[PDB]
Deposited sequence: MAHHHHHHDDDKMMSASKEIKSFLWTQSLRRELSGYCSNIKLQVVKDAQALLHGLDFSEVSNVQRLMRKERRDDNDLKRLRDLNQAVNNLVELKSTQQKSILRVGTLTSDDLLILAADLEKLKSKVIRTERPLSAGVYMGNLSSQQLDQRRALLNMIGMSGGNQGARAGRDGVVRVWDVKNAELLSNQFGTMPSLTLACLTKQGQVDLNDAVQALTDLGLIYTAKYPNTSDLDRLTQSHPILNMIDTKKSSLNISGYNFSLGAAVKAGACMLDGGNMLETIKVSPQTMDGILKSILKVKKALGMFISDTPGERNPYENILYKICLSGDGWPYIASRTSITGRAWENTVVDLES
């Protein structure tokens, strides 16, 4: 069902998808030339600690800003108000409800640097927490960005930007047919040594786009084919915003898509919905969103008047 939703969305939204290989590669080059890959290493590590504090968060956000400055594919703060227009009044009700659903789903001791030894000893025979003053500051700092994935694969893997691009393109083609997985990645590593860098055993949840993952690599590979009607390459603007939501609603109806309740499962529908509604101006899947403040349900509001 998941991949079916994904594919129905792709076909429906194909008109809003664009060719962005060029930009993504241009942006990767910018990062390769301008970014401090020494600090990239540090932030990678800092993000992997189980106890993470404000000093680590500040480190992450600073790096994010550095990256925001080198890249052209950004999302900008753009509040959206949805009104009865190309959107029906029933549609506003669905959206207003589903945004609420998203909101609602969102609603271990004192040591130390000895957690490192706890780990080793435990292994001898990994939930990660934040200790932060204001947790708003985590919002939008943890996303994945193709141009960044490319850059890090390239410097850290010590290969040509091109070798990375070709490898990820293969992931991208597979992705048009199925959700690539660990075995597929392993079979692809023969022809593409660079993919050894994506270690799926060592990858994890909420550790930022500076660390590698199969999911992030697939997101990147999607931007490598100038076609495929990949959702990743969708651009949103204030004009095109309603048309996109309406097209999504049409698929939602047709396939009976919905927002899950189980906190762990995040599906094609809630993914595209949260991503679109975060800002009415950017590339919802693949841009630099570190500048954005707030969540989708705050940045997009429904207006039942009429």
{"item": "Deposited positions lacking CA coordinates", "value": "1 to 20, 128 to 138, 157 to 172"}
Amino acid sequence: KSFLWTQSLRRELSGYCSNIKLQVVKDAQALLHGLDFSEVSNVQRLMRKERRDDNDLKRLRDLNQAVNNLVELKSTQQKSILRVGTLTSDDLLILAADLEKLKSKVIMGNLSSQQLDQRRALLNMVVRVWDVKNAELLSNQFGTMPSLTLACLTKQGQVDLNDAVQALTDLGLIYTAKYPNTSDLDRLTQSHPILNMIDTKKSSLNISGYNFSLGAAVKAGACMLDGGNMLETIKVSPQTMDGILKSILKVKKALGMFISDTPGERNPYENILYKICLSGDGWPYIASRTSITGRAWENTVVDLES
From here on, numbers count along this sequence of modelled residues.
item: Mean C-alpha temperature factor, higher of 82 to 90 and 230 to 238; value: 82 to 90
item: Mean C-alpha B-factor comparison - 209 to 217 and 116 to 124, higher one; value: 116 to 124
item: Highest recorded Cα temperature factor - choice among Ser203, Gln166, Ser75, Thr144; value: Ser203
item: Residue of maximum C-alpha B factor among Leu111, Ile174, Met224, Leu148, per deposited coordinates; value: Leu111
item: Cα B factor band for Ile248 (lowest, middle or highest third within the chain); value: middle
item: Chain-relative CA temperature factor third for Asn19; value: middle
item: Ranked against its chain, the third holding the CA B-factor of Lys58; value: middle
item: Position of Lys26 among the chain's modelled residues by C-alpha B-factor, lowest, middle or highest third; value: lowest
item: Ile259, C-alpha B-factor rank within chain (lowest, middle or highest third); value: highest
